[PDB]
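Written out below as structure tokens is the structure these notes cover.
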Amino acid sequence: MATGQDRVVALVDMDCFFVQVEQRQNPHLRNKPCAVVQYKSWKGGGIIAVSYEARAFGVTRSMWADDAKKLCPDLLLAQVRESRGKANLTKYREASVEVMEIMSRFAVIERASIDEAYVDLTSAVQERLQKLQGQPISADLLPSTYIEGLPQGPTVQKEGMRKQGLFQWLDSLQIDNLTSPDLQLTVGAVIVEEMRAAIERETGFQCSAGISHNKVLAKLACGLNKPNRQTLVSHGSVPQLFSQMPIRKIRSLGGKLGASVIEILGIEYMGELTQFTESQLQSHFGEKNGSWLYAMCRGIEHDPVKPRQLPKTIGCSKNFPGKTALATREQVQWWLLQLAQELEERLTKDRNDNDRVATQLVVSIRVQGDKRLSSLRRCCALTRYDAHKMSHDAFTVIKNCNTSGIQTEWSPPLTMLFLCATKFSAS
DNA sequence: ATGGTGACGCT
DNA sequence: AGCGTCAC
Ligand SMILES: Nc1ccn([C@H]2C[C@H](O)[C@@H](COP(=O)(O)NP(=O)(O)OP(=O)(O)O)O2)c(=O)n1
Ligand SMILES: [Mg+2]
Ligand SMILES: [Mg+2]
């Protein structure tokens, strides 16, 4: 029976990423409790990234900076750039490109977010194992690697524990067998050490990584020993790891589906799923989800690392909460123009860098009283990278929504505007 | 009043 | 197409 051990997959995730971008730029922020904040005026601004020094004080994301300062009076802050009246993330996108380009030298990557990429190292491992004629794997090749589940069986400090586990792992390895999945993961980890060394050397940024046989285990592994460490999760480690792993920790189960798995089956931990037949899981959660859960709780997943380094959409949005909701046509048109101007600049850059053009413009709004992320979503043709045309067109496709008799007024007021370019073609 | 991103499934 | 879920 298939054991889901055919691939070597890593997930690299940058440590407190936006903070590291700002600390590289401003040495005064290095090795300090510090956070990145967006929009100073309302409660000191919203925190969106937090250094590990600040995390020790209890500072978190989705905290107002005024409140964070109560937990950490010496907290240092770096502000997100604002342009055309809104937060602008260009600096972090550019830093992301630095890291993605380095990772791409080692293998084809799947960009999973601004600061994460999956890597399929199956081929690189095969070639490295051949150049490694015999040759045991030294612990010195794995200086920041944790082996999840080890040490076990018959030191009081972290690094001591890490080494004992690594020693047990390496001592047990079957280096004479090049088809051994554990051996393949170990070689994968050596390559990821090299990848992470290159990222830090060439950018100054530290990161963590997971190495396993699929994306979900690699992602889970990555978080086990953050920051600045990497973790190998073998197929064998899965039963003990999952036996006390809350279901919500597994990627895609952190929301309503995960909550329904818990409620419907009356379980708490990922490993408890093994008790159910594939048909039983499909009966509760659908064919796709059921099959996925049945395999995943056994450490098996087939979701491929997709060869994609570039985002498939480029979007610009702004919210206008509470009393600031947009109530005039002048207002709506001004802000659509602001969004369209940012989008134009990003699109033009994208076309020069990446030899493609977007062909569809998606416009989304939220009206006051409405409670969803988006109220109304409409698309139209994107034929010209011109901000005035795009903003004019967006207005055209959303002017239907103005239920107001007076058309110089806007009702109900708008609490969100969103412009997104999609459907890219080669150019 | 976290805000501003982005991928992908469903019908 | 437009809506919803899930994630950083
Ligand atoms: N809700 C969120 C989550 C992340 N981000 C941004 C800021 C983060 O630095 C960056 C990466 O997100 P992240 O990986 O979830 N956390 P971060 O890299 O800051 O810390 P780690 O826990 O990964 O060390 O995306 C955001 O702007 N809004
Ligand atoms: Mg990160
Ligand atoms: Mg991340």
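Protein chains get the first letters and strands the later ones, always in sequence-line order, with residue 1 at the start of each. Side-chain atoms are counted along with the backbone in the values below, which use heavy atoms only and exclude waters and symmetry mates.
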Expressed in angstrom and rounded to an integer, what is the separation of A:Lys219 atom NZ from C:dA7 atom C1'? 9 Å

Taking B:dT5, B:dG6, B:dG3 as options, the one with an atom nearest any side-chain atom of A:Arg111 is B:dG6

Is A:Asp13 touching bases, backbone alone, or none of the nucleic acid, heavy atoms closer than 4.0 Å? nothing

When you measure from the side chain of A:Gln282 to the backbone of A:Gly290, do you find a donor-acceptor pair of N or O atoms at a distance under 3.5 Å? no

With respect to the phosphate group of B:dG4, does any side-chain polar atom (N or O) of A:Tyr39 fall under 4.0 Å of OP1 or OP2? yes

Base, sugar-phosphate alone, or nothing: which one does A:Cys420 contact when heavy atoms must sit under 4.0 Å apart? nothing

Would you mind reading off the distance between A:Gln309 atom CD and B:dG6 atom P, rounded to a whole angstrom? 15 Å

Atom-to-atom span, NZ of A:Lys256 to P of C:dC3 - whole angstrom: 16 Å

Any ion pair linking A:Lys389 and A:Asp393 (charged N to carboxylate O, less than 4.0 Å)? yes

Base, sugar-phosphate alone, or nothing: which one does A:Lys306 contact when heavy atoms must sit under 4.0 Å apart? sugar-phosphate

Nearest listed nucleotide, side chain of A:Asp115, among C:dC8, B:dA1, B:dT5: C:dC8

I need the CZ-P distance between A:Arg248 and C:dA7, as an integer number of Å. 12 Å

Per atom distances to the A:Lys312 side chain, the nearest of B:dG6, B:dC8, B:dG4 is B:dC8

Just to confirm, is there a sub-4.0 Å distance from OP1 or OP2 of B:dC8 to any side-chain nitrogen or oxygen of A:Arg251? no

Start at the 5' end of DNA chain B and walk down; is the nucleotide closest to A:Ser62 or to A:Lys288 reached first? A:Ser62

Using a cut-off of less than 4.0 Å, is there contact between a side-chain N or O of A:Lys40 and OP1 or OP2 of B:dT2? no

For A:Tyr118 and B:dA7, give me the distance from atom OH to atom P, rounded to whole Å. 14 Å

Identify, residue by residue, the members of residues 356-387 of chain A with a heavy atom below 4.0 Å from DNA chain B, and return them in order of residue number, or none. none

Of B:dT5, C:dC6, B:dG6, the nucleotide closest to the side chain of A:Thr313 is B:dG6

Picking from B:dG3, C:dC8, B:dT5, which would you name as closest to the side chain of A:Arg93? B:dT5

Taking atom P in both B:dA1 and C:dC8, what distance in whole Å separates the two? 24 Å

Applying the side chain to side chain contact (heavy atoms under 4.5 Å, CB included) criterion to A:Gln206, which one of A:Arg229, A:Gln20, A:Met14 satisfies it? A:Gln20

Nearest-angstrom distance from the residue atom CZ of A:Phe418 to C1' of B:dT5: 8 Å

Between A:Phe285 (CZ) and B:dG9 (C1'), how many Å, whole number? 17 Å

Assign each of A:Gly85 and A:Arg308 the nucleotide of DNA chain B bearing its closest heavy atom; nearer the 5' end lies the nucleotide of A:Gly85

Within the structure shown, what part of the strands sits under 4.0 Å from A:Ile47 by heavy-atom distance: base, sugar-phosphate, or nothing? base

Under 6.0 Å between ring centres, would you say that holds for A:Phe320 and A:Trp335? yes

Under 6.0 Å from the ring centre and within 45 degrees of the ring axis: does the NZ or CZ of A:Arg55 meet both conditions for the six-membered ring of A:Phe57? no

Would you indicate which nucleotide in B:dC8, C:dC8, B:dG6 comes nearest to any side-chain atom of A:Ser113? C:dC8

Output field: ring centroids A:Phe17/A:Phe205 closer than 6.0 Å: yes

Pairing of A:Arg162 and A:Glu159 as salt bridge, 4.0 angstrom limit: yes

For the pair A:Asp355 and A:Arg351, find out whether any cationic side-chain nitrogen is under 4.0 Å from an anionic carboxylate oxygen. no

Between the side chain of A:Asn214 and the main-chain N/O of A:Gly299, is any donor-acceptor distance below 3.5 Å? yes

Selection from B:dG6, C:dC6, B:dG3 that lies nearest to any side-chain heavy atom of A:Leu257: C:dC6

Can you find a side chain N or O atom of A:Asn319 that sits less than 4.0 Å from OP1 or OP2 on B:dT2? no

To the nearest angstrom, the CH2-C1' distance between A:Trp64 and B:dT2 comes to 4 Å

